[PDB]
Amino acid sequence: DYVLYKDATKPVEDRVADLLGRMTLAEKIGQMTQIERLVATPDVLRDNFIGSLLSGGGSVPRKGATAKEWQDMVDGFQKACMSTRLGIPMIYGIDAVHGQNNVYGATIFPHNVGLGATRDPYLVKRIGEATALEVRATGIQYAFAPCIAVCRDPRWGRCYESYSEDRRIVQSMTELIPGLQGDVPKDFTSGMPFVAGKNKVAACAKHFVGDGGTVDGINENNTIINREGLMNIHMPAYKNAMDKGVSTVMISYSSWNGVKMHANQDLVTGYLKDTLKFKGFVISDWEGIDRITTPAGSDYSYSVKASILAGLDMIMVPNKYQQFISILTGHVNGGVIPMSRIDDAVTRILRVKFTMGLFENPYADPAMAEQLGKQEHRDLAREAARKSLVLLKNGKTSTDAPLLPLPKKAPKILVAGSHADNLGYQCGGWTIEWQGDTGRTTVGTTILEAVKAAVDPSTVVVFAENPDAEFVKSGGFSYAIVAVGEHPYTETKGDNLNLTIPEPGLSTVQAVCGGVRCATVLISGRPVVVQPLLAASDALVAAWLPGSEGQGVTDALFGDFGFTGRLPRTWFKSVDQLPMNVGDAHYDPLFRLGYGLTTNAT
């Protein structure tokens, strides 16, 4: 017989309907199952008809693996999936959230908070375009990005993953989506999924909804706000995402007024699917369904029932697939979950797969391997890092000479601080490892390396990680650049009620700035207690988490370009003010949202 779903010339909806009508319950539930590469084998993928795989943070084939190694791994998994009766290709997902960040040698872009500081949606679109290429360089077809959380309290460990506390800025930055996926056609229906083809990736608007609204910024906690507030702060960017054809949406671990997002039928089905007319697939977060219950995982049968009935389509299991499949099959066999619900979930998963061309190009393109870490992409990351920088102070007092820009020619200069020569620190979380890491973890340029690359050949550059006051005072330095701040963190590990930088940080700044005029570069995922740093410093720059391209920092420090970044968040006076956002009745910032000093290029 002619087999319609295998015919590339046929309309997506026709191909979807034709395939679905041929599938067994096992094949259907298989599609709904996403597993870690760590538990995947060819036999597992074939025998369970698995629909998707992912790499969680740090889930890599080998340390330092090449783009070709990634492609071969993904293709090996694909070969097993394509060998099933129906030959439905799997989709492979990864957190490419500031470049293809799990991958050695991948360009690492500034994290979202810094991108918000640029107020440049086209820049962010271009980052999406570069990121898609580097993801496809590794054979991967699906990025879990953008995070369109609106972080309302910087005590949250994921505040750096939010473009802004201002939903309007977050909405503007949804341009990442057509960068990753390609621009939607003129004739496009909001809520339909879209991916242009094999050189683009499926995107994921996350985490639905109100992940940035939790009490005290406690990660995965309760967002207590009325529907009006939910709809005017936390929801708007999802509509923009719909308009731009985002292929998938990931559900939040958080709760809204005490109801777990992973169990919320009203919002997932009633709003996202039925009101926004989202036609892509809805994916859980990692063990998200497990965490519906307290303790987590204490009634997995309930978890499966609650999440599938709420309207989730694909479950990021990610390990215990046999149990997931067994429980879901049982619920269907028992009449507890209707076939219509399974058919809806599979319709959505297949729609995204057919739409993106997965059935036509299930395997990697070896010619794309060379896209990884391309200099053109690094030049883009360098531009972004520079544009993200916010100048908070430039001259110890209002009558002082402006410190920045600094001269490239001077007899001797000092570069200092825990963050001056630490690539892992300047990248932050979601870089090589889930939580990020310390030291030379990938290919890049540290602040020290950037300084050495920028200055006149006659200028002697001295590095001291934590020099004492006497070393600085007696050193014969013209000026110092001192870089300090937060260590890398991700999710709950980043939750922080005090928001003061680790030591030595302030002590180093005080020692250096006490001995010579100094420019302090603050590396952080968020505003942190800054008055003491300000007091010691002649100039201070909030550099956020600028990524692999340290020359973005020096491009502004030495005046090749002027400072243009503006705060995308309120800078508080103290943590006891929190939460405190622009528009609040009590608004007493140290620096308001939108604050930023400027310089002109030399």
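All residue numbers refer to positions in the sequence shown, first residue = 1.
Between 360 to 368 and 479 to 487, the higher mean Cα B-factor belongs to 479 to 487. Per the PDB record, of the two stretches 139 to 147 and 182 to 190, 182 to 190 carries the greater mean B-factor over its C-alpha atoms. In the deposited entry, the Cα temperature factor of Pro61 sits in the middle third of values across the chain's modelled residues. Residue-level temperature factors show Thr33 in the middle third of its chain, judged at the C-alpha atom. Among all modelled residues in this chain, the alpha-carbon of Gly210 has a temperature factor (C-alpha) in the middle third. Sort the chain's modelled residues by C-alpha temperature factor and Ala535 lands in the highest third, per the entry. Annotation for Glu69: CA B-factor lies in the middle third of the chain's modelled residues.
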